[PDB]
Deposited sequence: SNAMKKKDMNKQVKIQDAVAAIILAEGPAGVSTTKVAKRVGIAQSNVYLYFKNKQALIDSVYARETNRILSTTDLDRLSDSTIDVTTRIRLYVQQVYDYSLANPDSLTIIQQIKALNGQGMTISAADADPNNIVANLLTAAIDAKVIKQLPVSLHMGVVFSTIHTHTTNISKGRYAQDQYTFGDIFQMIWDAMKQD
């Protein structure tokens, strides 16, 4: 029953936000008893963590994370491949970052973190908190994705090149 309860956490998060989430409402929205839910997820935070896991694990495959952990590939290139993958993922899944962006707004071999700290140490990106580097990547891509979903401009108005220029200029040293 994992999946059903998760898709309900998601539609709730989209409509009412992460703070709107509870065992009770999740129960009602699906249509089982309260304690049906407890067996997978014992409370509000576990629920949010769960959908949060489902959406975040969809961004990079197991392959993608492995390829990204490869030290032999320079950090500049690995940062681009990562942002590219976040961008491609977001455009294909335009409610996903809204769910993730939202949950961060309420709120494993640490490959992405490790790569950014490697780039900071190597003076490739600015000595700023990792959260600020992650932030500009995710918020820029999220705004662009939601701009497209609202019909503010066409999906072909801008290229990854155009959006990446803002993101990389934000991140890089100087």
| item | value |
| --- | --- |
| Missing residue ranges, deposited sequence indexing starting at 1 | 1-10, 118-129 |
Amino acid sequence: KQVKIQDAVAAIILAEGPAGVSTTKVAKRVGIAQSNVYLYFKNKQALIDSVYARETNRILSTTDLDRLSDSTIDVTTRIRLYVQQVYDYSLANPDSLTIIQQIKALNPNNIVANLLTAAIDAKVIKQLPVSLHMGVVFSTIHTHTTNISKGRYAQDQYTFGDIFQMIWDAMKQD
From here on, numbers count along this sequence of modelled residues.
item: Entry-level comparison of average CA B-factors, 163-171 and 3-11, reporting the higher stretch; value: 3-11
item: Higher-scoring stretch by recorded Cα B factor average, 35-43 or 138-146; value: 35-43
item: Selection by C-alpha B-factor (highest) of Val124, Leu116, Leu68, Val30; value: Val30
item: Entry-reported Cα temperature factor of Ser50, expressed as the chain third it lands in; value: highest
item: Third assignment of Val130 from its chain's C-alpha B-factors; value: lowest
item: Cα B factor band for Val21 (lowest, middle or highest third within the chain); value: middle
